[PDB]
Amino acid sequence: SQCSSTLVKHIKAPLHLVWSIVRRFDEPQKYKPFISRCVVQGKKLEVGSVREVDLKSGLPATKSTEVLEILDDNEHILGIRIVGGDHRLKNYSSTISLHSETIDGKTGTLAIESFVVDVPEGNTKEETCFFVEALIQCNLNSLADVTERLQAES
């Protein structure tokens, strides 16, 4: 019926720097490398906000409509739920959380992202769910790059 997983990333960057971009429900293309454009009306960063995401050409999907479910600026948790679009993900929801970790007298961030999604009557737990891991891992990878790049500038 459903299928779920958690992806993890060690980032060589301070938490607030990482959170300052993860917390922009309105500008996910800062780091999500498959998004081309994001539009959000009303109160931009507030539980209930809605983004219309445009995806770069040559993707299986072209459009996605997502809703901000959790935003914890004090605990560093952003939770979202995908509600419409071209893709085959149904009842997708994910939560990305951030945690302080010092590895080598080097202060950094640990990003943890869990999702739950429905699996089409057609496909399998593996088929549908591996696709999303790979995607999220791509996103987290890019979050580490973008994040570590800014660090090197400041």
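By rigid core we mean the largest C-alpha set that fits within 1.5 Å across both forms. From 1 onward, residues are counted along the sequence shown.
Larger root-mean-square CA separation from the shown form, computed after a rigid core fit of the structures in 6 other deposited structures of this protein, is seen for 61-69 when 28-36 is set against 61-69. Between stretches 116-124 and 47-55, greater average Cα displacement in 6 other deposited structures of this protein relative to the shown form, fitted by the core, falls on 116-124. Relative to its counterpart among 55-63 and 110-118, 55-63 has the higher mean temperature factor, C-alpha atoms as listed in the PDB entry. Placement of the Cα temperature factor of residue 35 within the chain: middle third of the modelled residues, per the deposited record. When the modelled residues of the chain are ordered by their C-alpha B factor, residue 7 lands in the lowest third. Sort the chain's modelled residues by C-alpha temperature factor and residue 18 lands in the middle third, per the entry. In this PDB entry, residue 124 carries a Cα temperature factor that places it within the highest third of its chain's modelled residues. In the PDB entry, residue 47 places in the middle third of its chain by CA B-factor.
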